[PDB]
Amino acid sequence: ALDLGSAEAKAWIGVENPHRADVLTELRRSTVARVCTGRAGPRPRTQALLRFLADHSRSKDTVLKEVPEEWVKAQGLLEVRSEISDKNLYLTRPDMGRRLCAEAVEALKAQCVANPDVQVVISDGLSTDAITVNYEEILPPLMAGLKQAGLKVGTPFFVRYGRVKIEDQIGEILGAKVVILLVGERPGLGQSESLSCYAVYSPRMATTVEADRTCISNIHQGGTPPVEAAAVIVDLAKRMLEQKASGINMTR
């Protein structure tokens, strides 16, 4: 008997007559990728196909699912929308996710601090798990590190249904010199808590291209740990204000 979501199922070696079986364990240890599962002819083995299919059913569910509106409230965040109403419309209309709705603009002017040096924005994006799991490890050392021997920090807020070009509008309205977006990148098959940072110096909707952004991706416990990633993003924000550039316009 086997749970396909178990650690034993993940550790399985399916190569049937190994050349060197002690090497096979060390190779399976080194990797999260589905190495060492063997074959039937040129086809996947049955257990490997079954665990693939199980992980896909679970990965499909991480797409649809949404953060509680009260989780954001109990985190002490402003919640604000894009132009998108719901999760079904989010997936088909990227253009609407790159724009704040009319009430979101007015809330940002009402309730957020004007002309910050560094603005931190959190969005669910395409993975709710990415921002739900990682938050308490990334965000408090991010807000401390920008303050502690640093400068004028913005008040952090949540955008529901955000895609990354929305941070150009956020930088324009708030007058922000640096805009940091932490956002859920699209879910992988066995893993859905991967976070990315997108950061841009002094953005403008008319002129800013994607290459002007710096990306820090794969933030999670299987990637770069969210604790030590916060120190990377603080260092990046410091450098961005120093040389007055982001992305491909940065040195070294």
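Note that residue numbering follows the sequence shown and begins at 1.
Chemist: Looking only at CA atoms, which has the higher mean B factor in the entry: 116-124 or 148-156?
Modeler: The entry gives the higher C-alpha B-factor average to 148-156.
Chemist: Got a sec? Mean C-alpha B-factor, which is higher, 39-47 or 212-220?
Modeler: The deposited B-factors put 212-220 ahead on the C-alpha mean.
Chemist: Compared with the other modelled residues in the chain, in which third is the CA B-factor of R28?
Modeler: Within its chain, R28 is a middle-third residue by C-alpha B-factor, going by the deposited values.
Chemist: Taking the C-alpha B-factors as the PDB entry records them, is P203 in the lowest, middle or highest third of its chain?
Modeler: Middle third by C-alpha B-factor.
Chemist: Where does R99 sit by CA temperature factor within its chain: lowest, middle or highest third?
Modeler: Its C-alpha B-factor belongs to the middle third of this chain's values.
Chemist: When the modelled residues of the chain are sorted by Cα temperature factor, does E193 land in the lowest, middle or highest third?
Modeler: It belongs to the middle third of the chain when residues are ordered by C-alpha B-factor.
Chemist: Name the third of the chain's ranked CA B-factors that contains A231, choosing lowest, middle or highest.
Modeler: Its C-alpha B-factor, which the entry lists for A231, ranks in the highest third among residues of this chain.
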